[PDB]
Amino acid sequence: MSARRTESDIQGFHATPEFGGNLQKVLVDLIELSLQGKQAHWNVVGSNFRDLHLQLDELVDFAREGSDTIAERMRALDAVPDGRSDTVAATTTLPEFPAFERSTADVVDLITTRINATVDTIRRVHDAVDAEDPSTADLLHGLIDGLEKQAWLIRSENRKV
């Protein structure tokens, strides 16, 4: 038992209220993006429908895994996520997705904007998150990388060169 600690209770790392708040911000925008992505997935029509229909689902898959990652990271650090519809609608920074069928060209522009809004939130909280807990900042890097890839894969459709 030469280097063994003799403490009965050893407590875990606990997130500050600011840290908890910062992850909550990322969480709602990821959930909103997932909901908007599905709306777009269902209602997109027109030229190159199928590619967009499929890509939007991949976006949703990524944003859903992201939300679970962030929420469970909060839980791990003794913070409490709120992913409820009312909270998401009232607190998301994403511009509202429009109703009804939308052209593929419209959907490309709309969804690129909403991905970029989500990335902006993560980028905005990054430094404060990193200063408190570098391990969580690494989860943010995964999200930034994955989402910016989605934006490129989606926006390239509308690029005229």
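One rule holds for the numbers: they count along the sequence shown, beginning at 1.
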{"query": "38-46 or 94-102, whichever carries the higher mean Cα B-factor", "finding": "94-102"}
{"query": "Of 9-17 and 141-149, the stretch whose C-alpha atoms average the higher B-factor in the entry", "finding": "9-17"}
{"query": "CA B-factor ranking of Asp57, expressed as a third of its chain", "finding": "middle"}
{"query": "Assigned third (lowest, middle, highest) for the C-alpha B factor of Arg124", "finding": "highest"}
{"query": "Within-chain third of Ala89 by Cα B-factor, per the entry", "finding": "middle"}
{"query": "Record-listed C-alpha B factor of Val28: chain third", "finding": "lowest"}
{"query": "Position of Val108 among the chain's modelled residues by C-alpha B-factor, lowest, middle or highest third", "finding": "middle"}
